[PDB]
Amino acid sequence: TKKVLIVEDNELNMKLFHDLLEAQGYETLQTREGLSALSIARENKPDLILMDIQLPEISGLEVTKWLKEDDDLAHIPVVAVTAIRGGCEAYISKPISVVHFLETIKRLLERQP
């Protein structure tokens, strides 16, 4: 099953992103901090990283820079959520459009090997 790591400090956004992804049958990993995202990514190898750029403690774009500098994490597609192209494969605007949100993520997640 595909695993998506959601990096989102806002409880409401995290729940919405989680519910939408779970309804699609995906497993998720969750964290409110950019640094933790790096740690979790190395420990659980998510298939895609959904990251809010406007985190309170750090820019999501700087976190993406670290991701791309790591040989084990650089291949993981990163979708930025902003209220980028930093290394992000795609961007999703907030307030989000549910279909656009899911289409963007599924396109990057569900590719033939």
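Residues carry their position along the shown sequence, with the first being 1.
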Practice prompt. Check whether residue 67 has no coordinates in at least a third of the other compared PDB entries of this protein, counting only entries that model residues on both sides of it.
Written response: no
Discussion item. I want to check something about residue 83: across the other compared entries that model its neighbours, is it left unbuilt in at least a third?
Written reply: yes
Worksheet item: How many residues sit between residue 83 and residue 84 in the deposited sequence but have no coordinates: none, 1 to 3, 4 to 9, or 10 or more?
Response: 4 to 9
Practice prompt. Could you tell me how many residues of the deposited sequence sit unmodelled between residue 85 and residue 86 (none, 1 to 3, 4 to 9, 10 or more)?
Written response: 1 to 3
Worksheet entry | Higher-scoring stretch by recorded Cα B factor average, 104-112 or 1-9 | 104-112
Worksheet item: Comparing 86-94 with 10-18, where is the mean C-alpha B-factor higher?
Response: 86-94
Item to complete: Kindly indicate the residue among 36, 44, 28, 59 with the greatest C-alpha B-factor in the PDB record.
Response: 44
